[PDB]
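**Student:** One structure, as structure tokens, below. Some questions next.
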Amino acid sequence: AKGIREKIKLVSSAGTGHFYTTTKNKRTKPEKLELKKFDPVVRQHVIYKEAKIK
Amino acid sequence: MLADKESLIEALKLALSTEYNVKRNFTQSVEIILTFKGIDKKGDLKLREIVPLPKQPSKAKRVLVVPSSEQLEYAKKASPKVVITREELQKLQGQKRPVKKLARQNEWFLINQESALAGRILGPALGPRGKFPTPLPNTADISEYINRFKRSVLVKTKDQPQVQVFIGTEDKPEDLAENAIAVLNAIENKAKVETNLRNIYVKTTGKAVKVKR
RNA sequence: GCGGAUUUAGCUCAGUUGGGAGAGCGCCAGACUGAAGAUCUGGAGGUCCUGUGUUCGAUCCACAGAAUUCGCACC
RNA sequence: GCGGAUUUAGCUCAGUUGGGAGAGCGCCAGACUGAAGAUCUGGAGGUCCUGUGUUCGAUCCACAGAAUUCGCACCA
RNA sequence: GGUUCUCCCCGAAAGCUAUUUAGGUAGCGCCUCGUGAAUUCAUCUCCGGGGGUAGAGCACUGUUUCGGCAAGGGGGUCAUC
RNA sequence: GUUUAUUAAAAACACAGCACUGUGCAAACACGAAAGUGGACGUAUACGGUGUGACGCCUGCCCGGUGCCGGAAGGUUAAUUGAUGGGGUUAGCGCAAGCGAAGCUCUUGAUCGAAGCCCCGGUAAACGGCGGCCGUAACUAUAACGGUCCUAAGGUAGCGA
RNA sequence: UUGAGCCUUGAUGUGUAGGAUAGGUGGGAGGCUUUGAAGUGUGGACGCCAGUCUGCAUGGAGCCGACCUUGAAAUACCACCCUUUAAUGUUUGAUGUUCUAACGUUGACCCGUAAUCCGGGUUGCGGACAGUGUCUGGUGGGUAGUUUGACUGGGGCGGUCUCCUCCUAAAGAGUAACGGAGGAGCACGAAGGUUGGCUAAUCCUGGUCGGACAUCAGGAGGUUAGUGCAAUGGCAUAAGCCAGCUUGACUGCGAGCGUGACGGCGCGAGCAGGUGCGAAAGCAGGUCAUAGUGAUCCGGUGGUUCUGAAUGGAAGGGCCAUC
């Protein structure tokens with residue numbers, strides 16, 4: 001976003017729902033490392049790839 | 001994508017014109033072509049796509065069958081190309097000429113599980129020019145397994161640069177582009193490489209169309 | 001008073017992840033010289049300022065203290 | 001990160017028939033010398049940048065990643 | 001810079017936040033004037049405990065000194081600092 | 001000398017040579033919008049920069065820095081020139097979702113590219129500049145004699161307030 | 001002479017088996033045959049030897065192919081496929097190299113003209129030069145400009161509004177000074193949870209691989225402990241703990257309000273959907289929290305049933321993302 005050792009943005013969209021958001025991750029440590037189950041449709045927590053496909 | 005229906009419609013309307021359908025002596029054929037760029041030995045772009053044409057053309061397919069005695073009385077009725085029994089496979093054990101005939105001019109070799117001699121007597125004749133056999137169901141009521149194979153083709157390459165497969169005949173290019181895109185879907189489903197395009201054409205019993213895309 | 005360098009080999013001084021202590025030079029040996037330096041090849045040479053804490057481990061860093069020392073404050 | 005090239009010894013780098021992986025300077029040891037330098041010769045020398053796929057066989061062919069690196073995006 | 005005739009009560013205008021403030025600025029009053037209203041509001045006697053202004057101790061942590069010894073540590077001597 | 005009448009009355013200095021320097025000549029300067037008039041009725045020993053400090057000697061040296069510029073072996077990467085990729089705008093092809101061509105156009109930082117300047121060459125008048133600790137003379141201590149530190153570096157061509 | 005395209009003209013290959021001089025990518029199993037069309041047979045002449053040439057047959061017989069053999073791999077019959085680059089045609093450009101009706105004539109002859117401007121033609125010169133108009137480059141204080149906080153025991157310094165704790169300053173609140181101590185320019189691939197778990201040291205004595213030490217079984221039972229950079233405070237039915245299971249930290253409204261000056265900052269009875277957490281009682285909006293951003297105006301940008309001066313597409317706006 002501006003720096004190097006930085007708290008950055010990354011575009012996390014849904015496993016079904018099309019919807020996107022972000023808040024934080026960091027290039028400072030290894031990266032192969034996130035998805036979740038969550039839901040911005042709220043109906044059924046199942047699959048959510050993060051900005052990153054883990 | 002590889003292509004879409006209208007960019008295949010517009011080019012089969014070309015393929016079945018006299019420009020590209022140069023006529024020999026019979027009701028003639030048309031095909032869907034894909035040649036690849038960076039196509040090499042690794043595996044991620046290698047294919048086997050056994051594809052029943054979603055709208056079948058005028059010239060059906062070369063289906064051999066090997067039924068067991070119970071279902072035979074029905075298999076007798078599904079309009080198979082040629083037939084051999086679960087039994088008489090025991091006699092084909094050495095006969096090169098019959099084997100090379102069947103290999104060279106049939107396309108699909110549908111075989112019951114009890115017929116496992118089938119795994120031995122055909123491979124080295126059929127295999128090198130890429131057509132395949134398959135486990136026929138045990139039922140009497142067999143008909144849509146036969147009808148499917150009597151309208152299917154295959155994406156043969158194991159390591160080589162091109163596909164080109166039968167997809168239509170002389171009379172209705174529009175439906176035949178729903179055949180054409182089905183082969184392309186099998187491919188983009190089996191090989192997510194996409195930019196490995198050299199070219200996409202369509203082709204008759206001779207002349208090929210350098211498609212609009 | 002604040003901030004800073006600094007008390008690391010005879011000599012000039014380098015050095016730090018934060019776990020080895022360095023080099024031009026000087027000494028000494030090995031020999032070449034009757035001898036010594038050069039030039040040589042090998043060995044060696046440390047108040048790492050002190051305390052404390054972090055810490056695997058402090059020469060280092062932070063904190064507290066000595067003591068030199070530098071600029072500005074002073075009119 | 002866009003794309004390309006590059007990464008093989010301490011460093012510069014050969015590495016394109018896929019079959020033995022190495023030269024140069026310098027390091028080392030002998031010869032030479034009175035000692036070294038220089039000349040001469042032998043000897044040393046690797047995360048083949050990473051790691052799998054393909055291969056009978058991989059520095060070599062494919063790809064995902066990285067660092068070295070050239071030009072380069074940019075009206076949040 | 002300076003109230004160009006008179007009169008009477010409310011009426012310190014003259015301050016909290018500040019302000020790339022320097023007698024300059026946003027709302028604002030403790031103001032009046034026009035609507036509106038309730039025990040609304042203040043001191044007392046009372047309810048009820050948090051405060052730490054005092055004060056006081058030696059409790060802590062920091063220690064006065066004087067006794068009495070707390071494998072602490074000094075001076076002397078044999079001794080190998 | 002009568003000079004900046006107006007602070008000094010020169011204790012300012014206007015001289016005047018010259019290495020270099022501006023221009024092989026519609027020459028430099030251009031006041032004026034159009035002059036081509038100074039310089040010219042004239043040539044780089046005429047005329048202009050920036051100065052000069054009698055006269056005559058004398059201008060050591062020293063290029064680290066910064067001037068002055070001048071160049072081209074080659075990198076930074078602009079007008080100039082435009083590989084392309086992505087689109088727009090749209091025929092053809094689609095019961096639809098939508099694909100999708102010329103032409104026209106949007107948009108590349110394609111690839112050259114040295115003003116500067118890394119650079120390369122020369123500058124004594126271009127900018128200013130002369131380093132410290134450890135050991136010292138048949139006496140104090142003078143400070144010749146000393147090993148060196150990648151430190152840019154210690155008073156030098158004098159006469160001594 | 002040199003750039004970009006295009007085959008009019010070319011040409012960069014020997015190893016064996018295959019009666020035989022085999023780039024490929026591929027379909028399938030047949031392909032030609034009107035006699036002046038096809039091979040197939042056999043001489044003869046050339047040589048940069050890998051090229052061809054010229055004669056004469058026979059010829060509706062069948063011959064080339066999966067079909068029979070061989071091998072690293074077929075070859076009959078069509079599709080597909082031109083580039084590293086030459087020769088020259090056919091599109092077409094551009095630096096040098098120049099000649100010279102541009103041009104400039106502030107050079108001369110001739111000429112109107114007893115003429116300094118000026119008229120004009122021959123000549124003589126150089127040369128597409130000049131010219132200026134934009135874009136890129138710095139070059140220097142040659143017009144014009146500002147005198148930009150305030151803090152001032154009068155100024156030059158050193159320190160602060162910031163957003164922050166402890167002093168200092170007179171309790172609801174505050175009131176510095178070139179004053180006294182010390183400060184944020186940020187923090188997760190978890191420092192993420194809902195169950196469950198408690199008892200640790202130091203030193204005394206034990207004992208493989210010591211020579212301070214590190215899991216240990218017991219002293220005494222001491223409420224003699226710990227703090228990853230900073231700090232002050234937590235306070236123990238432990239949050240410090242740490243192994244299993246595994247990452248709600250919902251989309252939407254809210255009586256009631258705590259309140260302020262436009263942002264804002266705080267949360268909650270109760271109602272919805274069904275939301276995930278649970279045996280059951282039942283709980284709740286994430287790193288230990290204190291330190292972390294935009295007056296807002298302009299920007300940019302990605303999505304849309306929100307619109308858009310007669311419309312229809314639609315600029316531009318709305319919604320809210322994204323900064």
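The chains in the structure tokens are called A, B, ... from first to last as shown; in each chain the residues are counted from 1, and the ligands are counted from 1 in the order shown.
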Contacts between chain B and chain F, please, where a residue of chain F counts if it comes within 12 Å (with only C-alpha atoms (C1' of nucleotides)); show its shortest atom pair and distance in Å to one decimal, rows by chain and ascending number, as a Markdown table.
**Tutor:**
| residue | atom | partner | partner_atom | distance |
| --- | --- | --- | --- | --- |
| F:92 | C1' | B:10 | CA | 8.0 |
| F:93 | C1' | B:6 | CA | 5.3 |
| F:94 | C1' | B:6 | CA | 6.1 |
| F:97 | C1' | B:5 | CA | 11.7 |
| F:98 | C1' | B:6 | CA | 8.8 |
| F:99 | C1' | B:6 | CA | 5.4 |
| F:100 | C1' | B:7 | CA | 7.0 |
| F:101 | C1' | B:212 | CA | 7.2 |
| F:102 | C1' | B:212 | CA | 11.9 |
**Student:** What residues in chain A get the DSSP label strand (DSSP E or B)? Please answer as an NGL selection string.
**Tutor:** :A and (7-8 or 12-13 or 20-21 or 25-26 or 36 or 48)
**Student:** Would you save the residues from that selection as a tab-separated table (two decimals), in the first residue's frame, using C-alpha atoms?
**Tutor:**
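This went into out_19.tsv:
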chain	number	residue	atom	x	y	z
A	7	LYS	CA	0.05	-4.25	7.27
A	8	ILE	CA	-1.50	-4.44	3.73
A	12	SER	CA	-11.04	-11.62	-0.19
A	13	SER	CA	-14.18	-12.69	-2.13
A	20	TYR	CA	-15.53	-8.95	-1.36
A	21	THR	CA	-13.83	-7.27	1.64
A	25	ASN	CA	-2.24	-9.51	6.14
A	26	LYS	CA	1.57	-9.07	6.09
A	36	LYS	CA	-11.85	-20.17	6.31
A	48	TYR	CA	-14.15	-19.40	1.76
**Student:** Just the residues within 6 Å of stretch 7-17 of chain D, please, counting only C-alpha atoms (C1' of nucleotides), with nothing from its chain fewer than 2 positions along; format it as number ranges by chain.
**Tutor:** D: 45-46, 48-49
**Student:** Only C-alpha atoms (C1' of nucleotides), please: the residues just picked out, written as a PDB file, in the first residue's frame.
**Tutor:**
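After the write, result31.pdb holds the following:
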ATOM      1  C1'   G D  45      36.948 -26.847  -5.343  1.00  0.00           C
ATOM      2  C1'   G D  46      28.944 -27.411  -5.543  1.00  0.00           C
ATOM      3  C1'   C D  48      23.809 -27.593 -10.680  1.00  0.00           C
ATOM      4  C1'   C D  49      19.316 -21.120  -6.946  1.00  0.00           C
TER       5        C D  49
END
**Student:** With only C-alpha atoms (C1' of nucleotides) as the basis for distance, which of B:73, B:186, B:21, B:46 is at the shortest distance from chain D?
**Tutor:**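 Closest residue, counting only C-alpha atoms (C1' of nucleotides): B:46.
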**Student:** Please determine, counting only C-alpha atoms (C1' of nucleotides), which residue among G:79, G:250, G:245, G:29 has the shortest atom-to-atom distance to chain A.
**Tutor:**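 Of G:79, G:250, G:245, G:29, the one nearest chain A is G:250, counting only C-alpha atoms (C1' of nucleotides).
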**Student:** Give me, as an MDAnalysis selection string, the residues of stretch 43-190 of chain B that a backbone DSSP run labels alpha helix (DSSP H).
**Tutor:** chainID B and resid 69:75 96:105 123:126 143:149 173:190
**Student:** Do you have the atom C1' of residue G:204-atom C1' of residue G:219 distance handy?
**Tutor:** 7.1 Å
**Student:** Considering only C-alpha atoms (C1' of nucleotides), tabulate each residue of chain G that lies at most 9 Å from chain A along with its nearest interatomic pair and the corresponding distance in Å to one decimal; arrange the rows by chain and ascending residue number and present them as JSON lines.
**Tutor:**
{"residue": "G:188", "atom": "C1'", "partner": "A:25", "partner_atom": "CA", "distance": 8.2}
{"residue": "G:189", "atom": "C1'", "partner": "A:33", "partner_atom": "CA", "distance": 5.6}
{"residue": "G:247", "atom": "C1'", "partner": "A:36", "partner_atom": "CA", "distance": 7.6}
{"residue": "G:248", "atom": "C1'", "partner": "A:38", "partner_atom": "CA", "distance": 8.2}
{"residue": "G:250", "atom": "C1'", "partner": "A:42", "partner_atom": "CA", "distance": 6.3}
{"residue": "G:251", "atom": "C1'", "partner": "A:42", "partner_atom": "CA", "distance": 5.7}
{"residue": "G:274", "atom": "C1'", "partner": "A:43", "partner_atom": "CA", "distance": 8.7}
{"residue": "G:275", "atom": "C1'", "partner": "A:43", "partner_atom": "CA", "distance": 7.3}
{"residue": "G:276", "atom": "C1'", "partner": "A:45", "partner_atom": "CA", "distance": 8.5}
{"residue": "G:321", "atom": "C1'", "partner": "A:21", "partner_atom": "CA", "distance": 8.6}
{"residue": "G:322", "atom": "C1'", "partner": "A:21", "partner_atom": "CA", "distance": 9.0}
**Student:** In terms of the shortest atom-to-atom distance over only C-alpha atoms (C1' of nucleotides), which of E:59, E:53, E:10, E:71 is closest to residue G:170?
**Tutor:**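 That would be E:53, the residue with the smallest distance to residue G:170.
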**Student:** Figure out the distance between atom CA of residue B:89 and atom CA of residue B:115, please, to one decimal in Å.
**Tutor:** 7.4 Å
**Student:** Enumerate as a ChimeraX atom specification the residues belonging to chain B that approach chain D to within 7 Å, with only C-alpha atoms (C1' of nucleotides) taken into account.
**Tutor:** /B:40-42
**Student:** Could those selected residues go to a file with N, CA, C and O atoms, as a PDB file, in the first residue's frame?
**Tutor:**
ATOM      1  N   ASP B  40       4.177 -30.007 -24.615  1.00  0.00           N
ATOM      2  CA  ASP B  40       5.342 -30.834 -24.349  1.00  0.00           C
ATOM      3  C   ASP B  40       5.007 -32.025 -23.411  1.00  0.00           C
ATOM      4  O   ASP B  40       3.898 -32.155 -22.876  1.00  0.00           O
ATOM      5  N   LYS B  41       5.991 -32.895 -23.190  1.00  0.00           N
ATOM      6  CA  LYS B  41       5.974 -34.182 -22.456  1.00  0.00           C
ATOM      7  C   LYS B  41       5.457 -34.260 -20.990  1.00  0.00           C
ATOM      8  O   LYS B  41       4.946 -35.302 -20.593  1.00  0.00           O
ATOM      9  N   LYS B  42       5.439 -33.192 -20.189  1.00  0.00           N
ATOM     10  CA  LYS B  42       5.100 -33.194 -18.740  1.00  0.00           C
ATOM     11  C   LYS B  42       3.843 -33.903 -18.290  1.00  0.00           C
ATOM     12  O   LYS B  42       3.918 -34.648 -17.313  1.00  0.00           O
TER      13      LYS B  42
END
**Student:** Give the answer as one residue: which of B:205, B:113, B:29, B:134 has the shortest atom-to-atom distance to chain G, using only C-alpha atoms (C1' of nucleotides)?
**Tutor:**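 Of the candidates, the smallest distance to chain G is held by B:205.
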**Student:** Between atom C1' of residue G:28 and atom CA of residue B:52, what distance in Å does the model show, to one decimal?
**Tutor:** 20.5 Å
